[PDB]
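First comes the structure, then the notes that go with it.
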Amino acid sequence: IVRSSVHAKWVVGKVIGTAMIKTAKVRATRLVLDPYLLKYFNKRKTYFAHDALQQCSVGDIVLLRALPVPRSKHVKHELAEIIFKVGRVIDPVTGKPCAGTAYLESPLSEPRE
Amino acid sequence: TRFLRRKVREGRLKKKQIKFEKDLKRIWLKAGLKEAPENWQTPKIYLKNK
Amino acid sequence: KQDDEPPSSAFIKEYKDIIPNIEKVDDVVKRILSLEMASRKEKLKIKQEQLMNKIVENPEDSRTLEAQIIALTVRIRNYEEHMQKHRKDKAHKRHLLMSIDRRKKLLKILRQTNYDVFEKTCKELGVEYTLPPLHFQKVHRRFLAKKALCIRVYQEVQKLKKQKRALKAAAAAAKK
RNA sequence: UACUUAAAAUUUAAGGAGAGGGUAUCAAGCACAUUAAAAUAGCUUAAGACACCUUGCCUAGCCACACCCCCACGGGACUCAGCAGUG
RNA sequence: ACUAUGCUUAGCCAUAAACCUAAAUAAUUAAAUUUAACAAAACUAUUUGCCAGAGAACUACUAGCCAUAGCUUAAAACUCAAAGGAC
RNA sequence: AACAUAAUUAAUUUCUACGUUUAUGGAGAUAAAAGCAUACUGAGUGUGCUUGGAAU
Ligand SMILES: [K+]
Ligand SMILES: [Mg+2]
Ligand SMILES: [Mg+2]
Ligand SMILES: [Mg+2]
Ligand SMILES: [Mg+2]
Ligand SMILES: [Mg+2]
Ligand SMILES: [Mg+2]
Ligand SMILES: [Mg+2]
């Protein structure tokens, strides 16, 4: 069960497109230090990921796992998890639905629905 | 010398059209077609069409 | 058009809930306070209220994104009727295009925060939302003509490949 | 080199966290994508694609070339860009 | 004296010292701060656009455009030690 | 284009033959009330606009 060669064993990014069959185009960003300014800026990379169930929507944050064997020229990752669904975020700290900086369901309540 | 400028303008636009036509022929010939796509006629875009 | 247009017999929004309580009111008084003797602005306050009830969970609140989007759909449809008679009004043509752009911006923020509300709002208001294209495409006669040929050339090449595959498979099948 | 099998030196191939010359009067490239019943219409690009121009760089050293034809079956202007010499 | 024209209704042209010559925002009036001078007291933060001596040059060429002397975009050779601003 | 021989130590042959770039009028030396845009003619005038004119 040897792991991939690619350095990016785990990459987080935003689903910027979903028009290919069973594939999601994901834009990841990393911080790179400008040598002259000594300030960090965003260098963004595009990753094709295998979305087996076509469960991804544009704008949602996702976690990708490096595939052991490249599926195709560009598809070298799979969809591990959908960290945040677009507009359907669930607060990790409390576990309650939220819509921005607000709770759709109060954490004091226990709906269990 | 405006007369020459109009003459230069009409001859410059004619070369501009031939370059456009030739660039379109390169594409289909490279793709492997021996004739341009059926029902295709390169549009004349630099002539006095308006 | 839209499914609902307020009737002429409807009362204005100020007295919509007051006249019903009053025991008996004359036909003339009802006609003075109806939408027949009111400005177009009054008829639009009734259209908006109907949409807020039919879409928003809490029609009392008008500061939600869904409510603001409903406020802009009434204005947008109003400007469109205005511009159908005043074909050369350039100030309201700017008002129409700026409200459309404002609604698209709000629908984007709504989609990113409450997707469930977003889906109902678009379905009820009949508004189609198209996502912003990642890359801007330039447009001019030379580009549109070259881009059309490239699509045509590709399609022909793929059609030839499909025909070759069918002929190749057919020959193999006969041999078998 | 030891064992008749395990430590090295040295390479090759496939890749990618990041970094890496110029011109934007080079603004579009034109198959550059995915799926794997072979369908879908996608892929790269103002966060600079494509095009063209110039340049050995990474310096205990490394890369490229070895008369020319990028190569060298073949062809041709038919060999010192080994040391020393000559025009 | 009289015309194009200024007017109207349908199409096109996309230019002004289109300048308040002040980009747009949120600050503060103290930093013992005329921080050149004249304008309009000064200064800080944020985001984008733009500038890099002068003439050559609101030019040449390229590209876009109901424009065809136009409009927008915009060099090089060249030549100099100035050009320029307020008083 | 690519078969077959052999085989009481084992081997043999096959393993082909188009297009694209470079090149042979204008602007610069030695001196031998105003303006901006635009139209017409020729700087004159027209229309709008600016004060970087003026006016108690
Ligand atoms: K060589
Ligand atoms: Mg030699
Ligand atoms: Mg060689
Ligand atoms: Mg020698
Ligand atoms: Mg030798
Ligand atoms: Mg007249
Ligand atoms: Mg040029
Ligand atoms: Mg003005």
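Each value in this text was obtained by applying a stated rule to the coordinates, not by laboratory testing. Don't worry about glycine lacking a Cβ; one is built from the backbone with ideal geometry, like all the others, and counts go over all protein chains shown.
The numbered conditions (1) more than 16 Å from the chain's Cα centre (by Cα); (2) surrounded by 14 or more Cβ atoms within 10 Å (Cβ to Cβ); (3) not hydroxyl-bearing (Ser, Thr, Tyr) are all true for C:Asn78 except (1). Taking every residue in the stretch C:133-145 that is over 19 Å from B:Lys19 (Cα atoms) and pairing it with any residue that is aliphatic (A, V, I, L, M) and surrounded by 10 or more Cβ atoms within 10 Å (Cβ to Cβ), at least 6 positions away or on another chain, the pairs with Cβ-Cβ distances below 7 Å are C:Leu134/A:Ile16.
State whether one or more residues within the stretch A:54-77 are buried (at least 17 other Cβ atoms within 10 Å of the Cβ), touching a helix residue (DSSP H, G or I) at 6+ places or on another chain (Cβ under 9 Å) and aliphatic (A, V, I, L, M). Checking the stretch A:54-77: not a single residue is buried (at least 17 other Cβ atoms within 10 Å of the Cβ), touching a helix residue (DSSP H, G or I) at 6+ places or on another chain (Cβ under 9 Å) and aliphatic (A, V, I, L, M). Restricted to helices (runs of 4 or more DSSP H) entirely inside the stretch C:60-176, those with at least 3 residues that are more than 14 Å from chain A (Cβ to nearest Cβ), of a type in the set (A, V, I, L, M, F, W, C) and under 26 Å from C:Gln50 (Cβ atoms) are C:65-85, C:90-113. Of all residues assigned to the stretch C:49-70, none qualifies as being surrounded by 14 or more Cβ atoms within 10 Å (Cβ to Cβ), over 30 Å from A:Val86 (Cα atoms), away from RNA strand D (no atom under 16 Å from the Cβ) and not aliphatic (A, V, I, L, M).
Residues in chain B that are more than 15 Å from RNA strand F (Cβ to nearest atom), of a type in the set (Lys, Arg) and within 12 Å of another protein chain (Cβ to nearest Cβ): B:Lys44, B:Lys50.
Taking only the stretch B:20-50 into account, find how many residues are within 10 Å of RNA strand E (Cβ to nearest atom) and surrounded by 10 or more Cβ atoms within 10 Å (Cβ to Cβ). Total meeting the criteria: 4.
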